Amino acid sequence: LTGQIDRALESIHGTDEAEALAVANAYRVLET
Amino acid sequence: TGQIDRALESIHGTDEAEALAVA
Amino acid sequence: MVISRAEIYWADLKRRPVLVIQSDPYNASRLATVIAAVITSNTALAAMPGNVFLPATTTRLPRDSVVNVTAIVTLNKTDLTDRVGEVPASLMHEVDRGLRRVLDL
Amino acid sequence: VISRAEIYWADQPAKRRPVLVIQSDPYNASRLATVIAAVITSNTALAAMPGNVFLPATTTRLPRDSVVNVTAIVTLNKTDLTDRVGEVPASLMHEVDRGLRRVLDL
Amino acid sequence: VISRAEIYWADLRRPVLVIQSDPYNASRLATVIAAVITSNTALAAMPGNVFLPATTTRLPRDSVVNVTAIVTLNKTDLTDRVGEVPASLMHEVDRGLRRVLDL
């Protein structure tokens, strides 16, 4: 599992909207 | 077999790749 | 609107699509929040183990989609506005498999 | 190296709150930059909500008694988790697994 | 040397994914079994079928393995080796093949 995850992340360089906007939205839940 | 049938209605047009298979 | 699982909504996360993964019992309840997975348009993310590709012809979305099972969000039920469409049970089984994979369930 | 069942403190100001790692260890030990977690509250009344799991302070090393809110799931950057509070026993993580499968229909 | 999980261009030109096992591939058998790869991503709604991003296959466009379209080709009809499908995506392909073939 780990190996294929790393391999796929090599193609998708940087960070995607989902891998970020999720980290963004998280703060709203914890605040409420 | 509805699951297969549901997806078939989604692709109203059949792919010519599957046709070449018969060939 | 009675939000149900497997449905795709547009959500301000930057309006982007989300896939409801919270079960319908919790959805039809007085709980104000719903859990969802973020849907991306970067189809290359379908190579990531567990992620699920979604063709636009299936989702009613503009472009082809990928369920990012590593991007999980908790949104207010009011934050879900545009009900785009529903994901078939065969593709949601792929989503369910991925969620159990990434969450060890 | 973040592992499952571990409790971390997570971040206008900041309002730091505790979280329980639910992302599987294969995905944790990978180059994936994000980790999935369930929010830990101090409102023990939320243990009445179905699926939620109560956590005694003698077990978590947290200040007060805690409740894992399986309906509050967040995705955080792996770098945001620094101060490791502790690890949840396997018997209570089975309760967490039971709750998570309930709310996620898994 | 045709090996499993490899994608080749096949004479109609369309791509194919080798599903025949490597023992039969490394043999003098003149045929190799493959699943037809389409560019109609809408076929990813089919239960057994497996989506393949072009960034993964090295193919021109995004791809979908149609596990219900299986072919037996002569080994000479395979000319351009495009690339190989990772074992994680090939596990999904194997699941579809066993599903459609009841194996």
# chains A, B, ... in the order shown; residues from 1 in each chain; ligands from 1

$ residues_around --residues "residue 83 (chain E)" --least-positions-apart "2" --cutoff "9 Å" --atoms "only C-alpha atoms" --output "number ranges by chain"
E: 5-8, 56-59, 81, 85

$ residues_around --residues "residue 31 (chain A)" --least-positions-apart "3" --cutoff "8 Å" --atoms "only C-alpha atoms" --output "JSON, numbers by chain"
{"A": [27, 28], "D": [15]}

$ closest_atom_pairs --of "chain E" --to "chain B" --cutoff "12 Å" --atoms "only C-alpha atoms" --output "JSON lines"
{"residue": "E:10", "atom": "CA", "partner": "B:20", "partner_atom": "CA", "distance": 10.5}
{"residue": "E:11", "atom": "CA", "partner": "B:20", "partner_atom": "CA", "distance": 9.8}
{"residue": "E:12", "atom": "CA", "partner": "B:20", "partner_atom": "CA", "distance": 6.8}
{"residue": "E:13", "atom": "CA", "partner": "B:17", "partner_atom": "CA", "distance": 9.8}
{"residue": "E:14", "atom": "CA", "partner": "B:17", "partner_atom": "CA", "distance": 7.3}
{"residue": "E:15", "atom": "CA", "partner": "B:17", "partner_atom": "CA", "distance": 9.0}
{"residue": "E:16", "atom": "CA", "partner": "B:17", "partner_atom": "CA", "distance": 9.8}
{"residue": "E:33", "atom": "CA", "partner": "B:21", "partner_atom": "CA", "distance": 11.3}
{"residue": "E:34", "atom": "CA", "partner": "B:21", "partner_atom": "CA", "distance": 9.8}
{"residue": "E:35", "atom": "CA", "partner": "B:21", "partner_atom": "CA", "distance": 8.7}
{"residue": "E:36", "atom": "CA", "partner": "B:17", "partner_atom": "CA", "distance": 6.6}
{"residue": "E:37", "atom": "CA", "partner": "B:17", "partner_atom": "CA", "distance": 7.2}
{"residue": "E:38", "atom": "CA", "partner": "B:17", "partner_atom": "CA", "distance": 5.8}
{"residue": "E:39", "atom": "CA", "partner": "B:17", "partner_atom": "CA", "distance": 8.5}
{"residue": "E:40", "atom": "CA", "partner": "B:15", "partner_atom": "CA", "distance": 7.0}
{"residue": "E:41", "atom": "CA", "partner": "B:11", "partner_atom": "CA", "distance": 9.7}
{"residue": "E:42", "atom": "CA", "partner": "B:11", "partner_atom": "CA", "distance": 6.3}
{"residue": "E:43", "atom": "CA", "partner": "B:11", "partner_atom": "CA", "distance": 7.0}
{"residue": "E:44", "atom": "CA", "partner": "B:7", "partner_atom": "CA", "distance": 8.7}
{"residue": "E:45", "atom": "CA", "partner": "B:7", "partner_atom": "CA", "distance": 5.4}
{"residue": "E:46", "atom": "CA", "partner": "B:7", "partner_atom": "CA", "distance": 5.5}
{"residue": "E:47", "atom": "CA", "partner": "B:4", "partner_atom": "CA", "distance": 6.4}
{"residue": "E:48", "atom": "CA", "partner": "B:4", "partner_atom": "CA", "distance": 9.0}
{"residue": "E:49", "atom": "CA", "partner": "B:4", "partner_atom": "CA", "distance": 10.6}
{"residue": "E:63", "atom": "CA", "partner": "B:17", "partner_atom": "CA", "distance": 11.5}
{"residue": "E:64", "atom": "CA", "partner": "B:17", "partner_atom": "CA", "distance": 10.7}
{"residue": "E:65", "atom": "CA", "partner": "B:17", "partner_atom": "CA", "distance": 10.5}
{"residue": "E:66", "atom": "CA", "partner": "B:18", "partner_atom": "CA", "distance": 7.8}
{"residue": "E:67", "atom": "CA", "partner": "B:18", "partner_atom": "CA", "distance": 10.0}
{"residue": "E:68", "atom": "CA", "partner": "B:18", "partner_atom": "CA", "distance": 8.3}
{"residue": "E:69", "atom": "CA", "partner": "B:18", "partner_atom": "CA", "distance": 5.5}
{"residue": "E:70", "atom": "CA", "partner": "B:21", "partner_atom": "CA", "distance": 6.6}
{"residue": "E:71", "atom": "CA", "partner": "B:21", "partner_atom": "CA", "distance": 5.7}
{"residue": "E:72", "atom": "CA", "partner": "B:21", "partner_atom": "CA", "distance": 8.7}
{"residue": "E:73", "atom": "CA", "partner": "B:21", "partner_atom": "CA", "distance": 9.7}
{"residue": "E:99", "atom": "CA", "partner": "B:4", "partner_atom": "CA", "distance": 12.0}
{"residue": "E:100", "atom": "CA", "partner": "B:4", "partner_atom": "CA", "distance": 10.7}

$ write_last_selection --atoms "C-alpha atoms" --output "tab-separated table (two decimals), in the first residue's frame"
chain	number	residue	atom	x	y	z
E	10	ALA	CA	-2.49	-3.28	-31.52
E	11	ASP	CA	-3.43	-3.37	-35.19
E	12	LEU	CA	-7.08	-2.39	-35.63
E	13	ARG	CA	-4.74	1.08	-33.91
E	14	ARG	CA	-6.00	0.73	-30.33
E	15	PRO	CA	-4.34	0.01	-26.97
E	16	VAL	CA	-4.56	-3.30	-25.14
E	33	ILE	CA	-4.78	-12.55	-24.21
E	34	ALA	CA	-5.60	-8.90	-23.55
E	35	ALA	CA	-8.37	-6.56	-22.45
E	36	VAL	CA	-9.31	-3.71	-24.78
E	37	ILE	CA	-8.45	-0.24	-23.49
E	38	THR	CA	-10.91	2.48	-24.50
E	39	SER	CA	-10.71	6.27	-24.36
E	40	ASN	CA	-14.42	6.61	-23.48
E	41	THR	CA	-14.03	7.25	-19.75
E	42	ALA	CA	-17.81	6.84	-19.33
E	43	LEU	CA	-17.17	3.08	-19.36
E	44	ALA	CA	-15.64	3.45	-15.88
E	45	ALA	CA	-19.22	3.21	-14.60
E	46	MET	CA	-19.20	-0.44	-15.66
E	47	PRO	CA	-18.70	-2.54	-12.49
E	48	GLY	CA	-15.64	-4.57	-13.50
E	49	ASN	CA	-13.94	-1.91	-15.62
E	63	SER	CA	-8.13	5.29	-20.38
E	64	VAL	CA	-10.54	2.66	-19.06
E	65	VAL	CA	-9.86	-1.08	-19.06
E	66	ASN	CA	-13.01	-2.76	-20.42
E	67	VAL	CA	-12.85	-6.16	-18.72
E	68	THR	CA	-15.88	-7.35	-20.73
E	69	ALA	CA	-13.99	-6.82	-24.02
E	70	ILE	CA	-11.27	-9.49	-23.98
E	71	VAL	CA	-9.24	-10.38	-27.07
E	72	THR	CA	-6.77	-13.03	-28.19
E	73	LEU	CA	-4.20	-11.46	-30.52
E	99	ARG	CA	-15.82	-10.80	-11.37
E	100	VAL	CA	-16.84	-10.94	-15.03

$ interface_residues --of "chain A" --to "chain E" --cutoff "12 Å" --atoms "only C-alpha atoms" --output "VMD selection string"
chain A and resid 1 to 13

$ write_last_selection --atoms "N, CA, C and O atoms" --output "compact mmCIF listing (two decimals), in the first residue's frame"
# COMPACT_ATOMS: atom_id res chain seq x y z
N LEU A 1 0.83 -1.20 0.00
CA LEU A 1 0.00 0.00 0.00
C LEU A 1 0.87 1.25 0.00
O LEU A 1 0.72 2.12 -0.86
N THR A 2 1.79 1.33 0.97
CA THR A 2 2.65 2.50 1.10
C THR A 2 3.44 2.77 -0.17
O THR A 2 3.57 3.92 -0.60
N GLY A 3 3.98 1.71 -0.79
CA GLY A 3 4.79 1.90 -1.98
C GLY A 3 4.01 2.54 -3.12
O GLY A 3 4.47 3.51 -3.73
N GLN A 4 2.82 2.02 -3.40
CA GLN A 4 2.00 2.57 -4.48
C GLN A 4 1.52 3.98 -4.16
O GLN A 4 1.38 4.80 -5.07
N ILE A 5 1.25 4.27 -2.88
CA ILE A 5 0.88 5.63 -2.49
C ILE A 5 2.01 6.59 -2.82
O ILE A 5 1.79 7.65 -3.42
N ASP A 6 3.24 6.23 -2.45
CA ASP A 6 4.39 7.07 -2.75
C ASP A 6 4.58 7.25 -4.25
O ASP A 6 4.86 8.36 -4.73
N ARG A 7 4.41 6.17 -5.02
CA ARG A 7 4.58 6.24 -6.47
C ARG A 7 3.56 7.19 -7.09
O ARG A 7 3.91 8.01 -7.96
N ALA A 8 2.30 7.11 -6.67
CA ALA A 8 1.27 7.98 -7.22
C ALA A 8 1.54 9.44 -6.86
O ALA A 8 1.30 10.34 -7.67
N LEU A 9 2.03 9.69 -5.64
CA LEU A 9 2.37 11.05 -5.24
C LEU A 9 3.53 11.61 -6.04
O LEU A 9 3.66 12.84 -6.15
N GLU A 10 4.38 10.75 -6.61
CA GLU A 10 5.46 11.23 -7.46
C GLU A 10 4.92 11.86 -8.73
O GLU A 10 5.41 12.90 -9.17
N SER A 11 3.90 11.24 -9.34
CA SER A 11 3.29 11.82 -10.53
C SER A 11 2.56 13.11 -10.20
O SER A 11 2.77 14.14 -10.85
N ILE A 12 1.69 13.08 -9.19
CA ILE A 12 0.96 14.27 -8.76
C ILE A 12 1.87 15.12 -7.88
O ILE A 12 1.81 15.04 -6.65
N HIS A 13 2.71 15.94 -8.50
CA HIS A 13 3.65 16.77 -7.77
C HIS A 13 2.93 17.97 -7.15
O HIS A 13 1.97 18.51 -7.71

$ select_by_dssp --residues "region 42-102 of chain C" --states "strand (DSSP E)" --output "JSON, numbers by chain"
{"C": [52, 53, 54, 65, 66, 67, 68, 69, 70, 71, 72, 73, 74, 75, 76, 82, 83, 84, 85, 86]}

$ write_last_selection --atoms "N, CA, C and O atoms" --output "mmCIF file, in the first residue's frame"
data_model
loop_
_atom_site.group_PDB
_atom_site.id
_atom_site.type_symbol
_atom_site.label_atom_id
_atom_site.label_comp_id
_atom_site.auth_asym_id
_atom_site.auth_seq_id
_atom_site.Cartn_x
_atom_site.Cartn_y
_atom_site.Cartn_z
ATOM 1 N N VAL C 52 -11.351 6.976 -6.158
ATOM 2 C CA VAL C 52 -12.340 6.447 -7.087
ATOM 3 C C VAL C 52 -12.575 7.463 -8.193
ATOM 4 O O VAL C 52 -12.886 8.628 -7.918
ATOM 5 N N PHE C 53 -12.427 7.020 -9.438
ATOM 6 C CA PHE C 53 -12.702 7.871 -10.584
ATOM 7 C C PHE C 53 -14.202 7.969 -10.813
ATOM 8 O O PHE C 53 -14.944 7.006 -10.598
ATOM 9 N N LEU C 54 -14.645 9.140 -11.253
ATOM 10 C CA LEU C 54 -16.061 9.401 -11.501
ATOM 11 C C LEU C 54 -16.204 10.093 -12.847
ATOM 12 O O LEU C 54 -15.821 11.275 -12.974
ATOM 13 N N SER C 65 -14.237 13.399 -12.694
ATOM 14 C CA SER C 65 -14.041 13.615 -11.271
ATOM 15 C C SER C 65 -13.248 12.467 -10.662
ATOM 16 O O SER C 65 -13.148 11.378 -11.232
ATOM 17 N N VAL C 66 -12.684 12.732 -9.483
ATOM 18 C CA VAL C 66 -11.977 11.729 -8.691
ATOM 19 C C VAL C 66 -12.314 11.962 -7.225
ATOM 20 O O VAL C 66 -12.103 13.064 -6.705
ATOM 21 N N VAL C 67 -12.839 10.937 -6.562
ATOM 22 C CA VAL C 67 -13.092 11.004 -5.127
ATOM 23 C C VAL C 67 -11.768 10.846 -4.393
ATOM 24 O O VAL C 67 -11.104 9.810 -4.503
ATOM 25 N N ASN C 68 -11.378 11.877 -3.646
ATOM 26 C CA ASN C 68 -10.136 11.858 -2.876
ATOM 27 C C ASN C 68 -10.471 11.365 -1.474
ATOM 28 O O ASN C 68 -10.863 12.136 -0.597
ATOM 29 N N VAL C 69 -10.311 10.056 -1.259
ATOM 30 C CA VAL C 69 -10.669 9.455 0.022
ATOM 31 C C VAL C 69 -9.733 9.856 1.150
ATOM 32 O O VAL C 69 -10.028 9.569 2.316
ATOM 33 N N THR C 70 -8.613 10.507 0.840
ATOM 34 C CA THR C 70 -7.731 11.051 1.863
ATOM 35 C C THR C 70 -8.094 12.477 2.250
ATOM 36 O O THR C 70 -7.510 13.015 3.197
ATOM 37 N N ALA C 71 -9.040 13.092 1.545
ATOM 38 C CA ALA C 71 -9.513 14.444 1.831
ATOM 39 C C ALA C 71 -10.943 14.332 2.348
ATOM 40 O O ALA C 71 -11.895 14.268 1.564
ATOM 41 N N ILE C 72 -11.087 14.311 3.669
ATOM 42 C CA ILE C 72 -12.377 14.152 4.328
ATOM 43 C C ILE C 72 -12.693 15.448 5.061
ATOM 44 O O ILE C 72 -11.826 16.013 5.739
ATOM 45 N N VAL C 73 -13.930 15.921 4.920
ATOM 46 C CA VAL C 73 -14.350 17.189 5.501
ATOM 47 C C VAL C 73 -15.648 16.984 6.265
ATOM 48 O O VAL C 73 -16.432 16.075 5.972
ATOM 49 N N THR C 74 -15.868 17.841 7.257
ATOM 50 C CA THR C 74 -17.125 17.911 7.993
ATOM 51 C C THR C 74 -17.744 19.273 7.706
ATOM 52 O O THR C 74 -17.185 20.307 8.083
ATOM 53 N N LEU C 75 -18.879 19.279 7.019
ATOM 54 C CA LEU C 75 -19.544 20.516 6.646
ATOM 55 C C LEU C 75 -20.883 20.636 7.360
ATOM 56 O O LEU C 75 -21.497 19.635 7.740
ATOM 57 N N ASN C 76 -21.327 21.875 7.540
ATOM 58 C CA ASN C 76 -22.678 22.119 8.018
ATOM 59 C C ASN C 76 -23.682 21.708 6.949
ATOM 60 O O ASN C 76 -23.430 21.841 5.748
ATOM 61 N N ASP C 82 -26.028 22.988 -3.847
ATOM 62 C CA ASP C 82 -26.321 22.492 -5.190
ATOM 63 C C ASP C 82 -26.235 20.974 -5.180
ATOM 64 O O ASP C 82 -25.142 20.405 -5.175
ATOM 65 N N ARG C 83 -27.385 20.307 -5.194
ATOM 66 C CA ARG C 83 -27.385 18.856 -5.314
ATOM 67 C C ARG C 83 -27.119 18.532 -6.778
ATOM 68 O O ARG C 83 -28.003 18.685 -7.628
ATOM 69 N N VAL C 84 -25.900 18.085 -7.075
ATOM 70 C CA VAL C 84 -25.519 17.814 -8.456
ATOM 71 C C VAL C 84 -26.147 16.517 -8.944
ATOM 72 O O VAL C 84 -26.807 16.481 -9.989
ATOM 73 N N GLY C 85 -25.948 15.439 -8.198
ATOM 74 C CA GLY C 85 -26.434 14.144 -8.622
ATOM 75 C C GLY C 85 -26.034 13.085 -7.623
ATOM 76 O O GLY C 85 -25.501 13.383 -6.551
ATOM 77 N N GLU C 86 -26.297 11.836 -7.990
ATOM 78 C CA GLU C 86 -26.060 10.698 -7.117
ATOM 79 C C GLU C 86 -25.091 9.731 -7.781
ATOM 80 O O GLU C 86 -25.125 9.540 -9.001
#

$ interface_residues --of "chain D" --to "chain C" --cutoff "12 Å" --atoms "only C-alpha atoms" --output "CSV table (one decimal) with C-alpha atoms, in the first residue's frame"
chain,number,residue,atom,x,y,z
D,3,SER,CA,0.5,6.2,13.9
D,4,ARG,CA,-3.2,5.4,14.3
D,5,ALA,CA,-4.9,5.6,17.7
D,20,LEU,CA,-7.6,11.1,17.4
D,21,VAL,CA,-5.8,9.7,14.4
D,22,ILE,CA,-8.1,7.4,12.4
D,23,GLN,CA,-6.1,7.3,9.1
D,24,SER,CA,-4.6,3.8,8.6
D,25,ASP,CA,-0.9,3.3,9.3
D,26,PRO,CA,-0.1,2.4,5.6
D,27,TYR,CA,-1.4,5.8,4.6
D,28,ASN,CA,0.4,7.4,7.6
D,29,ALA,CA,3.8,5.9,6.8
D,30,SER,CA,3.5,7.1,3.2
D,31,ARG,CA,4.6,10.4,1.6
D,32,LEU,CA,0.9,11.5,1.8
D,33,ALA,CA,1.0,15.0,3.3
D,34,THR,CA,-2.4,14.7,5.0
D,35,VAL,CA,-3.8,12.7,7.9
D,36,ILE,CA,-7.5,12.0,8.8
D,37,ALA,CA,-8.6,12.4,12.3
D,38,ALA,CA,-11.7,12.5,14.6
D,39,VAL,CA,-12.1,15.6,16.8
D,46,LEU,CA,-21.7,14.1,23.6
D,49,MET,CA,-24.6,10.6,20.7
D,50,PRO,CA,-24.6,7.2,19.1
D,51,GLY,CA,-21.2,6.1,17.9
D,69,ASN,CA,-16.9,12.8,18.2
D,70,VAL,CA,-17.1,10.4,15.3
D,71,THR,CA,-19.3,12.9,13.5
D,72,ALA,CA,-16.5,15.5,13.5
D,73,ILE,CA,-13.8,14.3,11.1
D,74,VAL,CA,-11.0,16.6,9.8
D,75,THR,CA,-8.1,16.3,7.4
D,76,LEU,CA,-5.0,18.0,8.8
D,77,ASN,CA,-1.4,18.4,7.5
D,93,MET,CA,-10.4,1.9,19.4
D,94,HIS,CA,-12.6,-1.0,18.5
D,95,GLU,CA,-15.5,1.2,19.9
D,96,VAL,CA,-14.1,4.0,17.8
D,97,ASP,CA,-14.1,1.6,14.8
D,98,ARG,CA,-17.6,0.6,15.6
D,99,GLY,CA,-18.7,4.3,15.7
D,100,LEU,CA,-16.9,5.2,12.5
D,101,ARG,CA,-18.4,2.4,10.5
D,102,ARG,CA,-21.8,3.5,11.8
D,103,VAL,CA,-21.6,7.1,10.7
D,104,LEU,CA,-19.9,6.3,7.5
D,105,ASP,CA,-22.0,3.3,6.5
D,106,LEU,CA,-19.1,0.9,6.3

$ atom_distance --atom1 "CA of residue 58 (chain D)" --atom2 "CA of residue 41 (chain D)"
15.6 Å

$ residues_around --residues "residue 18 (chain D)" --least-positions-apart "3" --cutoff "6 Å" --atoms "only C-alpha atoms" --output "JSON, numbers by chain"
{"D": [8, 9, 10, 40]}

$ closest_residue --among "C:95, C:81, C:57, C:42" --to "residue 2 (chain C)" --atoms "only C-alpha atoms"
C:81

$ residues_around --residues "residue 7 (chain D)" --least-positions-apart "4" --cutoff "8 Å" --atoms "only C-alpha atoms" --output "list in words"
residues 18, 19, 20, 21, 60, 84, 85, 86, 87 and 88 of chain D

$ closest_residue --among "E:52, E:93, E:29, E:103" --to "chain C" --atoms "only C-alpha atoms"
E:52

$ closest_residue --among "D:55, D:2, D:48, D:78" --to "chain A" --atoms "only C-alpha atoms"
D:78
